[PDB]
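Peer 1: Pasting the sequence and an experimental structure:
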Amino acid sequence: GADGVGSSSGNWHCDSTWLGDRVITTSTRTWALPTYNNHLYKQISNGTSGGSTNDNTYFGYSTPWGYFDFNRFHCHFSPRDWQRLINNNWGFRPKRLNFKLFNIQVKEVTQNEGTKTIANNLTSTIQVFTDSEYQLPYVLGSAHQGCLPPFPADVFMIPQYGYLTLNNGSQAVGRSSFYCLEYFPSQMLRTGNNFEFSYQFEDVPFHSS
Amino acid sequence: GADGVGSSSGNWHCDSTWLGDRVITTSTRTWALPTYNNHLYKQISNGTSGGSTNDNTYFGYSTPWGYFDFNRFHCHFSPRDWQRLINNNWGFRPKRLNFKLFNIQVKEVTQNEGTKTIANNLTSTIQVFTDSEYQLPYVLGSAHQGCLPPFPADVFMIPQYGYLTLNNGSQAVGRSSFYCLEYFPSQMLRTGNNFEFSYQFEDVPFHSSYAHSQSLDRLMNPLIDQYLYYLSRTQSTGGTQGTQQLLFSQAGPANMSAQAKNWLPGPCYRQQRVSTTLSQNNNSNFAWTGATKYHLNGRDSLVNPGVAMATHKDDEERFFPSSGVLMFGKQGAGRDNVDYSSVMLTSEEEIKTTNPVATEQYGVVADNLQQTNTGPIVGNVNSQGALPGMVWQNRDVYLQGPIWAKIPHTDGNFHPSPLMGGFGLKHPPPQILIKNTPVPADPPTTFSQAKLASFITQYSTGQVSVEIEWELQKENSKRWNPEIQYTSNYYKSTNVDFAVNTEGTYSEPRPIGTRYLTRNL
Amino acid sequence: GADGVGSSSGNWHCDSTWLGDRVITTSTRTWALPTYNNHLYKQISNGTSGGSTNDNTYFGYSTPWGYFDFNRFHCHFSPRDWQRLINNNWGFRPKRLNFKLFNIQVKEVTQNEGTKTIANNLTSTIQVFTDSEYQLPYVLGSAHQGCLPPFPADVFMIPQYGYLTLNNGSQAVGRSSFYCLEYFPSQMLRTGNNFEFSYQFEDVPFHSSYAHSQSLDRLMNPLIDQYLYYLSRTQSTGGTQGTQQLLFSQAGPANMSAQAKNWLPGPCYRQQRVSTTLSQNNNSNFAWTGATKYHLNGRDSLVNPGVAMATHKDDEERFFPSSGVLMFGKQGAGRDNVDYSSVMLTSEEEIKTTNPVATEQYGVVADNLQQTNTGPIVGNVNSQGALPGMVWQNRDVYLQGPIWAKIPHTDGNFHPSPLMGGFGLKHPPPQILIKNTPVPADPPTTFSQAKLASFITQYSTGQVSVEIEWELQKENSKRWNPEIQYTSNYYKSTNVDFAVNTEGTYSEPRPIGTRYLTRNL
């Protein structure tokens, strides 16, 4: 390993390299992950029995888990570097992306009268896994909030993870699916460890600009 | 080593791989181990001098140690993955399991006025050892609570370890055995270390999951007669005088009951019958009084469940034997004197073919010896032992039920297999024992002969992982029409079964039998 | 191939070779296979709504298929060759068998006015397959009729194939299984072709043919005393006052009954006793009513024969248990309510040593718990299960009896061996199934959605040959005086036994037990 607590597990890369046609754009942000659902799964629903009409009925669960959303451009392009792109080029498509967590530090907090006090917890861990088998509802693409903030100085809050499933009214049918995320292989991380994986985009047509 | 505090000592594996026939199932949970008995051994007992009767007398110790219990299926199978198992397969048995602790973090706590405050203690250790020589009372297999919670999000408390030993009344005899667990080789662990070992299950018969499609008496050929003869009639028939005469016949399709059969039903030990409909049962308490018991060393012990026996005959759903069936609770059901609605009732209906109905007589035999003047009299056999030519089915296993039990080591046993179901084993998986290493508070300056009576309140938490490689017996069968399969309801419901509810309480609505697929007897 | 119609596809082997210990016995018969169920499957049932009672309810199908049954000994042994076997040998078990069809010729027939005329159909075929995967209900072993006729000149009719399945009353349940036999790989045969396969019997214990020369209680030494003591007398004897006193003694030659013995009689399940002399039996019908039954799924099923038990004690020939013995017919005996004279009665007398008498109590045990004021009371044990220290003898086999049976595949069985006698097997010989390939008559010109309801009346005939390689356990014994041997009468008789009569009807006068030679227990 050769990491430990005394050493940092990574560096800070926010850069855009223009190499011939290929253009490599990277970014980095600071994230903070609050505990969700007091570590519980919850069935949530909205019935039309309330003010809701039959269009707004849903059924679904809200897990304690949370998920990074980089899906928006302004994460990956500084407006200038987004100017060089649209002025000089007809079309562009991604090829491969790479992803890293590092410098993970865990903290705990106690409430004693009105004193709000924080400390470090060295041993405590966080769990990380990607679904490479697409075995989960893929909830990116609906343009929900919480993407990496555009301006790299910002520090953002990882959004909670939940999903919707079949309903009839507020109730559920037999095909209603449930998922317990702790049921997937995941990696447990300690303030010394980092997490990294490499993806490769499938063949895709040039986006016409 | 190359671990240290800054690095995590493991990963999180909860997965089920189906590889050909072999099926590898792993699980992981979060555990928290409270300090037990202020680090003391204690003689505990219950004497009949109190309200207790002579049956409830025990003698035993409660150690500070505690032990992981994974013994129940629902630890190792997610209900879906438990569906693929019972729909597509005849039989399954374990082969080898592997076990891991990791990410162990120790904590201490102090009480200052009403402030309840926790911190980390880096150096403090916990002790871990398995008994691979079986030198301890093996207390798994009695289906005590505290097994890894079914739904992996849960975080559970490791149960305390204690055991019982010989008594006479509340006192003890000379053979009463004592054990000091610190007397075994054990491993001491630091937040960086992990613990792992590999076990291998001994050769064991495939647990049969299937229901015979032919009741044991129907093995005949419907069309063809038999060449054997039986005694049909003792008396000359169709005359005013009753003169006795021996007439013989063959048992054909018309009378199938008299046919000569090559086998017998399984053994039978009767139970009392109880109806779910209240009005039908008697008005009394016969629960304990009319119960089916066995007498041992002056202590009458109720037989729970008893030998595997068909719950109720055809066209009666409601009647069930007194103790005959396993009974689980619904999620959140009370501990004591809880109403019928909260418990769940397993059913033996699958085995009705090969085994006698639980609540009914096994057979009828002749009481007397007939003569000219003596009319024959036949009695009932309520309890019938094993005779040559008997086949039977062991008790089914359920998703909630226990996986195995340790066969007692004794000179003579007949067809070992637990009554709760599962597998009998002569070398079960060892039991893991674990304890916080006691940390004494500040002793006085001046020496004191006495042992240290103070300690730092402490508890530890970590992650545990267990996998079990299973072997399957593929189902190969020519039956034309569809089988029966376990399937979730098609119709709508308030909320999904086997899944969380509004407040986050996981719930399993009904037990799951292992026998659906059919096999020709 | 090199067969064609002009050439015969086999030979005729009926022979018995005695080679050292191994004894190879073959046989051949002529068979004729009628068309069954106009080539239809049929659900058949018997409901209790008719005259039937709830015991006789069945549900099942009758297929067009039919099956060779060789299962009975008298197929494979000519009585002489069955004499050499039981006189000179202790025990025998099969090893491998081989099976052949050949010289298959197919025929059709037409009815024109009263003219009944037959011809040959060259192309028409028959289908043959064995189940080597045991995927079908195995219906051999219930001793149905139709086995290869004993006397090789006879020509026999292959019996129809059907099976029974679960029911509730006359209806069926969800586990009711259906089978379409055309759904298995089978071989189609043309008058030139033949069919052959080789089987190998699994390891099986030698069937014991012998009678212990020492009754189980007599194992002692007549001359010498024992060093153990028993309780002879509870009361001081030879005084006017009855003061109780414990006196002990040794059991010597004088009292052999009290000696300590190392074993027990075999298990016992009582039967009702019946005398061949009519006047001695009661006046009633106790046949079914006082019968020895076992209760299964609400259907009371008579126990035929029951566990192997000595027929009658010494110096009573006439008494025999109700169902306890196998009962055959005399040649040409009626099917139903036939008089005593026509049936034959096997007898268990050989095993009287090691097993209890069938019609009498197994033992006596204490009912109550004695006191000063309480006189001891002892009850009878009518049915006694298996206890440690019991030895017993399985049921003898007869020349007419069945050779084997298929052990049901179930998790737990105790000492498998059929009640009819013979060998238990977990992989019996497969059963051969055979059917005429249906030949449709001329369908209409215009297409019709419906399946073809007409066929050409047809039947087929051919030759079948089967051999069985047997292993013998040679009889090696030092007994000085002659043994008992099975021998034909010396005195004259109307006509030879085991041989044809005037009109050509082969007849076998009496059953043949397998136990003559003696062995020291």
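Peer 2: In hand now; what should we look at? Residues are numbered from 1 along each chain as shown, chains lettered A, B, ... in the order given.

Peer 1: Show me what the strand ranked longest in chain A is in contact with.
Peer 2: Using DSSP state E, we find that the single longest strand of chain A is strand A:58-66. For strand A:58-66, contacts defined as Cβ atoms under 8 Å, 6 or more residues apart in numbering or on different chains pick out A:33, A:35-46, A:158-167, A:170-172, A:176, A:178-179, A:181, B:153, B:499-500. Bear in mind the C-beta positions are built from the backbone N, C-alpha and C, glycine included.

Peer 1: Stretch A:181-191 too?
Peer 2: A:5, A:63, A:65, A:101, A:104-106, A:122-123, A:125-129, A:131, A:135-136, A:161, A:195, B:5-8, B:10-15, B:28, B:78, B:103, B:152-153, B:463.

Peer 1: Just the buried ones from those residues?
Peer 2: Neighbour counting by 16 or more other Cβ atoms under 10 Å in any protein chain shown classes A:63, A:65, A:101, A:104, A:122-123, A:125-126, A:128-129, A:161, A:195, B:5-8, B:10-15, B:28, B:78, B:103, B:152-153, B:463 among the contacts of stretch A:181-191 as buried.

Peer 1: got the contact list for the residue in chain A that chain C sits nearest to?
Peer 2: Residue of chain A nearest chain C, by Cβ to the nearest Cβ: residue A:174 (19.8 Å). Contacts for residue A:174 (Cβ under 8 Å, 6+ apart) come out as B:488, B:489, B:490, B:491, B:492, B:493.

Peer 1: Quick test: name the residue nearest the centre of chain A.
Peer 2: residue A:68 (0.9 Å; Cα atoms, centre = their mean).

Peer 1: which non-adjacent residue is nearest it?
Peer 2: residue A:158 (6.4 Å; Cβ to Cβ, 6 or more residues apart in numbering or on different chains).

Peer 1: thinking the one you found is in contact with residue A:67, fair?
Peer 2: Yes: Residue A:158 is within contact range of residue A:67, at 6.9 Å (criterion: Cβ atoms under 8 Å).

Peer 1: can I assume residue A:82 sits in a helix?
Peer 2: Yes: checked against DSSP: H, G, I helix; E, B strand; the rest coil, residue A:82 lies within a helix.

Peer 1: Excluding residues flanking it in the chain, which one is nearest it?
Peer 2: Per Cβ to Cβ, 6+ apart, closest to residue A:82 is residue A:73, 7.3 Å.

Peer 1: Same question for residue A:171.
Peer 2: residue B:492 (4.9 Å).

Peer 1: Now do the contacts for the residue nearest to residue A:68.
Peer 2: A:31, A:32, A:33, A:34, A:66, A:67, A:68, A:146.

Peer 1: List the beta-bridge partners for the fifth one.
Peer 2: Read it as residue A:66. residue A:160 (DSSP bridges).

Peer 1: same question, the second one
Peer 2: The residues paired with residue A:32 through beta bridges, assigned by DSSP bridges, are residue A:157.

Peer 1: Wait, it touches residue A:157, no?
Peer 2: Yes: assessed by Cβ under 8 Å, residue A:32 is found in contact with residue A:157 at 5.8 Å.

Peer 1: in chain A, which spans are helices?
Peer 2: A:73-76, A:79-88 (DSSP state H).

Peer 1: which other residues reach the longest one?
Peer 2: Under the criterion Cβ under 8 Å, 6+ apart, residues A:16, A:18, A:23, A:25, A:73, A:74, A:77, A:92, A:209 lie in contact with helix A:79-88.

Peer 1: Can you show me the CA trace of it as CSV?
Peer 2: Taking Å, rounded to 0.1, in the frame of the first residue of the first chain, the C-alpha atoms of helix A:79-88 are listed here in CSV:
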residue,chain,number,x,y,z
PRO,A,79,-16.6,28.4,-20.5
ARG,A,80,-13.4,29.5,-22.3
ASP,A,81,-12.5,25.9,-23.0
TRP,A,82,-16.1,25.5,-24.1
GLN,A,83,-15.6,28.4,-26.4
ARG,A,84,-12.7,26.9,-28.2
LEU,A,85,-14.8,23.8,-28.7
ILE,A,86,-17.8,25.4,-30.4
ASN,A,87,-16.0,28.0,-32.4
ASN,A,88,-13.4,25.7,-34.1
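
Peer 1: what's the offset of that helix from the middle of its chain?
Peer 2: Here helix A:79-88 shows a centroid-to-chain-centroid distance of 26 Å under the convention Cα atoms, centre = their mean, to the nearest Å.
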